[PDB]
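Below sits a lone chain in structure tokens, taken as the form deposited in one PDB entry.
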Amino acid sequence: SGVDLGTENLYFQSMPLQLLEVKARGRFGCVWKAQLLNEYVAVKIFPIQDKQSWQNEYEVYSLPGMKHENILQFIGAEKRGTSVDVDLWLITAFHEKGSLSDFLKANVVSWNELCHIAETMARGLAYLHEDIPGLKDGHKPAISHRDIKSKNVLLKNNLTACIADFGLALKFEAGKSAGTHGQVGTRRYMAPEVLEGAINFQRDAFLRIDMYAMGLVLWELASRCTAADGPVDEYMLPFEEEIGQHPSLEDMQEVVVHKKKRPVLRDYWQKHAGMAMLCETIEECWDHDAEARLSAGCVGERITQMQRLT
């Protein structure tokens, strides 16, 4: 996998590397499609002012157990150049289909494709969320992502989803509370309690915040799904219909908190038994009541259930 034009190359671990083109813009850096030896890889390049996000992501990837089919594969990380011109790189697998966001813009999904992407995404988030003692490399902590959105879910060639971008991720050692405000993520996906600015610095509070955002990603999937053979409109961001592409904090507060509104679950989706069950699941994920939200693992099983629905 890779063309061979014969020009100047760089090295990574003594292996030829070349940058191809910018593929995406992360929150903290630029994602390049690149060629390393004979494979395509993604080189995420962080400016020096985002050194802490580079460090955070490297640290997260260095935690016990952080290798999984539904977590974007880490290849390496390196502080390069000089202390006056610092190059901060993090290299991962590259996936040609890119983000679920880009995919859904250009493509629709059948019922069974939606189920595959949904289940795999859910399993990746559940694994990220899971506290896992007894690994050969140590004790994996529960990890909150803190910016779950369709831009941060990548699709492999057969539409298997994986979770990407751990620049904001925060691990939790235990279940005890520690006192916070937490508007670090993407505004349109922020849960009501986040938009109000008043949250519990506790593991479950942070996991429930991710689960609200994942409910919105599942709505995105439903919005572009051909199940039951109805009309499918052009891809829209969650809340774009209600408050546009660049909402203020105030707009989000009005729609999400005061009006308790969510993206529309279309009436004709209730006629397909699988979609109806998806709709129920999404509703539990985005509940105003954080304690009412489903866990990532629960969602995994709902999807398996609905995929096997009869």
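We call the rigid core whatever largest set of C-alpha positions still superposes within 1.5 Å between the two forms. In this text, residue numbers run from 1 along the sequence as written.
Note that the form deposited in another entry isn't included here; everything after this is about it.
Taking the core as reference between this form and the one not shown, the lone member of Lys271, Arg27, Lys261, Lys67 whose Cα moves by 2 Å or more is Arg27. Once the rigid core is overlaid between this form and the one not shown, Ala222 does not reach a Cα shift of 2 Å, moving by less than that. With the core superposed, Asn200 shows a C-alpha displacement of at least 2 Å between this form and the one not shown. The distance between the CA atoms of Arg27 and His145 is at least 3 Å longer in that other deposited form than in the form shown here.
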